[PDB]
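Residue numbers (this note's numbering), protein chains in the order written: chain A, 12 to 59; chain B, 862 to 960; chain C, 862 to 960; chain D, 41 to 422; chain E, 77 to 241; chain F, 77 to 241; chain G, 22 to 76.
Ideal placement from N, C-alpha and C gives every residue a C-beta, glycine not left out.
Below is one structure, written out as structure tokens; the observations come after it.
Right under this line is the structure:
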């Protein structure tokens, strides 16, 4: 066979650093829960 | 695989069919086909948006999705802005051939 | 879902029924309903308490409980004090719509 | 008489005139009926934020509210709404909208939109006369008021056929006009049929939705219209430069609602004679950076000219325009004080010059795709 | 700006004045806790405002002051208060009263090397639980650790972080 | 080349000049993050250009400057800007204006040992989020951490790394 | 679940937006709709489709 191929993404979200160019809008608290909502679709994803 | 040309009705097979297979992906919007709603590209949604450096990486990420669905015999390499005239941006769709 | 209005008896369905569904939660105390003791809000217990910054977070935490029980088609966003006159605090109950 | 329990309130409470996004404020002029239900004098401006403000200041059946609903269905916009009393003669009805200084010291009609600032901190950026822009006398009035206001006027053609609107666009070319000719129709609750809306206010709500959610530098064409059904004309569209009624209007510098009969606007070029100023994003980013330059640098009219003062704002603008460059509003720029025209003869007069040179982002209205295939470097098959 | 600098200082502990005692001060080092944020695409790591460090105010005393040694290790915090004062003179004599009202817990007492001829020193240390710096008469810093009020120039910066979310 | 060296300096914070205040500066240490690459066959480990280190700009002040203490720990980054200036005279009097426009976040304030006779010092530290050095009038460095533009001598070096791949 | 069209809304798109798939979902819509297929497939602005459950 081929076996399991996995990709693991580390990192950090700082949800008070303002968006680039000071767009009067910060990085949100919602912006990791969007990863959760997109993961309860029981659905594969294309990495690009 | 041997198909027919869109205009002029001539059956062309090898690599001219390969290029019109890509341009049926890129220029059809989603849901325009009959009984095939997950066909086409979101490039018509990218029409008349400002050419930023995030617009470029969103076109590379969307051509790769739409060609990944209905064009398995093409491995996409890169999409590059090569010129800008008033409104008319033009993209060198480069990709290796598989299958 | 189609229900009837509390006053005037008229059957209203879409979103006016959504708002009176919330205000039956917020203004009924617990145990006031017949054979449904775990219905309503503790907001009547929060009536005539001093408006501190812990009173605000205890109302957000209690509206979210009481709407989480008997209002699944509303996702609560925030509860904010927007004005204070003598005794009359007023709260902008903001929430997204689901279901 | 107070109350001591928990209560529901369905009326407005708080003030939202604090934010005031300066790029999306809209000037609005149409007829209404100044009864007892409409608590606004006719020829004065009034600040609007929500549909409750339009309900309180104007009548529900009045066509001010029909244009205020057309904007507030899409964007959380700010409207400076002036009213006009409805007349009998339509050539005299257009005379009421243009206004003038016919009063003692009061501006009436469209000219009261110049009094947006000094009343409600709204220097209007979007001029709409819904229905009263198929007449040329008001479209010329909205033309000449635009460069006084540094805005763009969203006028609309007649609801006749295409060459009636192409020839109506040939009377202009004045860089400030954005025409959307198919008057789109909307579903009604009372009529239970299809209405007839002039579709100039729907493009104003789409511009206020664009510049606040996508930025003013983004092209406001390919985006969704809400509160909409089919158009008054079925306007076909294809790909490949055909005889389509989409490519006919766009090449005549006219925008149009195109796909799925009401779904999206389509077209970004303005009524301009110059190919330099063809896009609206060339015109919008011209005026909405140079009044965002001023917002924040309002101290440049005082703090008189010392040695550091010319040097204080020449990287006061360079540090602000690099904030515009990093958020994508422009691409690379240069800000420098004027070497030759700055002199001590007119520095005592108060005049001191700075040179701004920026290029802006182009909107990708026509992406081409030269597809090419290979294996390593060349076409191995042929 | 005219050149100014410290010329004299003073210290209060619970009202009484150490008007002939203290040779040294140290106001607490205000330092923001920075986390190095470098990520995909960005080149150099930025540092992010993510809270303050531990404030600690040293002061020193040459004699056995019962008023200073009274407040070591008490069962209640903020029983020690302390007020640190400075005077910055300027070039034209315009002296500027820098007063720093802290309300911490007294943390450390070390009478050091008691040599015979050499003078002795009682170094102190204060685990600061409240800090408030005033430059002339206006309140520059007001640091509440236990409360959510970090007031820089009289406006709360922690309150502005809650309105942004 | 004629011998040049620093003779005088200056400092701006948000427009106002500290024309009699600052005794010391420190421009941020530009240092590339090096990873030791020794491999099979090669003898000595090479160091590879793999991003910059944390930029941090110290400056110092002898008096209580309200303009400098205003910008500590603000809820918005790049509210502090700061401009550091130097003047390098040469041997023939040709003075060369070295100006370094940074736009960081103010990181650390420590009023040190307030001894009585000794002058006091307010050391500052700036978590640099933007750096731009100009030697005479020409732009040598332009360091965007948060953007992908590391401009050395006016040409972006990070853009050249993307064209190579 | 009655929906109202626009002048360009189409049947296989609509019952893909409602149901989520199109296998057995268009003719079940055409079954419980009198005179829907007789109308032209680019729909007019004011015709009503009652989408049934379990397509």
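Cβ-based neighbour list, residue i, same chain, cut-off 8 Å, excluding 5 preceding and 5 following
i                     : result
residue 925 (chain C) : 937
residue 54 (chain G)  : 70 and 71
residue 933 (chain B) : 959 and 960
residue 879 (chain C) : 934, 935 and 958
residue 192 (chain D) : 165, 166, 167, 186, 216, 217, 218, 310, 320, 323 and 324
residue 206 (chain D) : 288, 289, 292 and 294
residue 87 (chain F)  : 93, 94, 97, 98, 101, 135, 158, 159, 160 and 161
8 Å Cβ cutoff, residue i in contact with chain D
i                     : result
residue 28 (chain G)  : yes
residue 879 (chain B) : yes
residue 884 (chain C) : yes
residue 926 (chain B) : no
residue 901 (chain C) : no
Contact set for residue i: own chain, Cβ-Cβ below 7 Å, skip 5 residues either direction
i                     : result
residue 35 (chain A)  : none
residue 229 (chain F) : 216
residue 882 (chain B) : 932
Three-way DSSP call (helix, strand, coil) for residue i in this model
i                     : result
residue 412 (chain D) : strand
residue 69 (chain D)  : strand
residue 354 (chain D) : helix
residue 890 (chain C) : coil
residue 195 (chain F) : coil
residue 63 (chain D)  : coil
residue 34 (chain A)  : coil
residue 132 (chain F) : strand
residue 190 (chain F) : coil
residue 952 (chain B) : strand
residue 40 (chain E)  : Residue 40 (chain E) lies beyond the range of chain E shown here (77 to 241); nothing can be said about it.
residue 103 (chain D) : helix
Residue i, enclosing beta strand (DSSP E) - first and last residue
i                     : result
residue 247 (chain D) : From DSSP, residue 247 (chain D) is part of no beta strand (DSSP E) but of the alpha helix (DSSP H) over 241-250.
residue 939 (chain B) : 935-945
residue 160 (chain D) : Residue 160 (chain D) -> no beta strand (DSSP E), and no H or E assigned at all.
residue 79 (chain E)  : Careful: residue 79 (chain E) lies outside any beta strand (DSSP E) and carries neither H nor E.
Proximity test, Cβ basis, 8 Å: residue i and chain G
i                     : result
residue 301 (chain D) : yes
Contact with chain F by residue i, beta-carbon distance below 8 Å
i                     : result
residue 141 (chain E) : no
residue 352 (chain D) : yes
residue 82 (chain E)  : yes
Short CB-CB distance (under 8 Å) between residue i and chain C
i                    : result
residue 49 (chain D) : yes
residue 53 (chain D) : yes
Range of the contiguous alpha helix (DSSP H) that encloses residue i
i                     : result
residue 929 (chain C) : 914-931
residue 131 (chain D) : 130-138
residue 240 (chain E) : Segment: none, residue 240 (chain E) is in no alpha helix (DSSP H) and carries neither H nor E.
residue 184 (chain D) : 176-189
Proximity test, Cβ basis, 8 Å: residue i and chain E
i                     : result
residue 125 (chain F) : no
residue 219 (chain F) : yes
residue 40 (chain A)  : yes
residue 226 (chain F) : yes
Same chain, Cβ closer than 6 Å to residue i, neighbours up to 5 away in sequence not counted
i                     : result
residue 172 (chain E) : 164 and 212
residue 289 (chain D) : 296
residue 92 (chain E)  : 143
residue 125 (chain F) : 108
Near the ligand GDP: residue i beta-carbon under 7 Å from a heavy atom
i                     : result
residue 369 (chain D) : For the ligand GDP, the structure offers nothing, since it holds no ligand at all.
Below-8 Å beta-carbon distance, residue i vs any chain J residue
i                     : result
residue 898 (chain B) : Included in the structure are the protein chains A, B, C, D, E, F and G, with no chain J among them.
Exercise. Name the residues in the segment 20-37 of chain A whose C-beta lies less than 8 Å from a C-beta of chain D; which are they?
Worked result: Of all residues in the segment 20-37 of chain A, those with a C-beta nearer than 8 Å to a C-beta of chain D are 30, 31, 32, 33 and 34, reading in chain order.
Exercise. For the segment 177-209 of chain F, which residues have a beta carbon sitting closer than 9 Å to at least one beta carbon of chain D?
Worked result: Listed in sequence order: 177, 179 and 206.
Problem set entry | Residues in the segment 905-922 of chain B having any Cβ partner in chain A nearer than 8 Å | Going along the segment 905-922 of chain B in chain order, one finds 921 and 922 with a Cβ nearer than 8 Å to chain A.
For this session: Return the residues of the segment 357-374 of chain D that lie within a Cβ-Cβ distance of less than 8 Å from chain F, sorted by chain order.
Result: Answer in chain order: 359 and 366.
Exercise. Looking at chain G, which residues of the segment 256-272 of chain D have a Cβ within less than 8 Å of any of its Cβ atoms?
Worked result: Within the segment 256-272 of chain D, the residues whose Cβ lies closer than 8 Å to some Cβ of chain G are 268, 269, 270 and 271, listed in chain order.
Exercise. Residues in the segment 233-246 of chain D with C-beta within 9 Å of chain G's C-beta atoms, listed in sequence order?
Worked result: Residues are counted here when their Cβ sits less than 9 Å from a Cβ of chain G; for the segment 233-246 of chain D these are 233 and 234, given in chain order.
Exercise. Listed in chain order, which residues of the segment 149-177 of chain F have Cβ atoms closer than 9 Å to some Cβ of chain A?
Worked result: Taking 9 Å as the Cβ-Cβ cut-off against chain A, the residues of the segment 149-177 of chain F that qualify are 151, 152, 153 and 154.
For this session: Using a Cβ-Cβ cut-off of less than 9 Å, give me the residues of the segment 85-100 of chain F that come near chain E, in sequence order.
Result: Residues passing the 9 Å Cβ filter: 92, 93, 94, 95, 96 and 97.
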